[PDB]
């Protein structure tokens, strides 16, 4: 029944819905590649922007569960770049106070970040450091909630520093592999593999362009990873079945540590919807030029929804239409 939903909202991408034990409904629409008329299909990989902050949190928790790290550990312990009194837990919940290279509360001009800095030289997480490391802290570590991208870069640098491998290597091995996600990865624009959608930006002048020069050339600890809808489904499944972390650490990651506003809380790298004294969903989302993404696990029905799109907006409206079906 997803097809009608996507058709009505004119969504180019792939949506998925799974109810408990049943096999998923999966539906693709629009083009992965407009020029070449390659339709979006079920196995098409999509960039997910901030959706993959969750994978960063999962990775960080695995290091804690493995006893190589703790949530109280100071950032000074593992990184040179000083951020006084900042702790892992501050970063995980967006309460660290660190300066951001892209404060989404005041700026939405992602592309303009790369006007002077070539985005194709953002290949390692350390390449982001100069973009914010010298800026003043915004507030005392722990003071308030403030969505922060640099904060998840810093976490990525911790994963690397603790593990000794690259962030991408860690996640593809300890998260994608350990959860059966064989069609997912941190792909780079200049080495895009088959069955990968291009991200389309629609412009004030009526024309389109792809997002090749609008995002960091490769995804990282704060966003930009690629998955298929069903690999995202598999990711929720593995998480909720304690296949990625043990029960204690899984539950710690899913704990509403911060209350943001109204029904919205944040855990470790995940959003939480809690209304009338019960959690209705855990969810992630992401928005980039040419990209939008919404995905959720509904504890009540053990439902899973995944909306991937290779356009700038729409996944939310399609997500609402689907969770209604529940």
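Positions refer to the first chain, counted from 1.
*Asks:* Take the C-alpha B-factors listed in the entry for 77-85 and for 174-182, compute each mean, and give the stretch with the larger one.
*Replies:* Higher of the two, by average CA B-factor, is 77-85.
*Asks:* Do the C-alpha atoms of 131-139 or of 148-156 have the higher average B factor in the entry?
*Replies:* Per the deposited B-factors, the answer is 131-139.
*Asks:* I'd like to know which of 28, 300, 33, 274 has the highest C-alpha temperature factor in the PDB entry.
*Replies:* Most elevated C-alpha B-factor of the set, per the entry: 300.
*Asks:* Comparing recorded Cα B-factors across 100, 112, 230, 222, which one is largest?
*Replies:* Of the options given, 112 has the highest CA B-factor in the PDB entry.
*Asks:* Pull the Cα B-factor of residue 104 out of the PDB entry and bin it into the chain's lowest, middle or highest third.
*Replies:* Highest third, going by the recorded CA B-factors of the chain.
*Asks:* Mind checking which third residue 288 falls in for C-alpha B-factor across the chain?
*Replies:* According to the entry, residue 288 has a C-alpha B-factor in the chain's lowest third.
*Asks:* Taking the entry's C-alpha B-factors for this chain, is residue 190 in the lowest, middle or highest third?
*Replies:* Answer is lowest: the recorded C-alpha B-factor places it there.
*Asks:* Lowest, middle or highest third: which one holds residue 203 when the chain's residues are ordered by CA B-factor from the entry?
*Replies:* Within its chain, residue 203 is a highest-third residue by C-alpha B-factor, going by the deposited values.
*Asks:* Quick check for you: using the entry's CA B-factors within this chain, is residue 39 in the lowest, middle or highest third?
*Replies:* For residue 39, the deposited C-alpha B-factor lands in the middle third.
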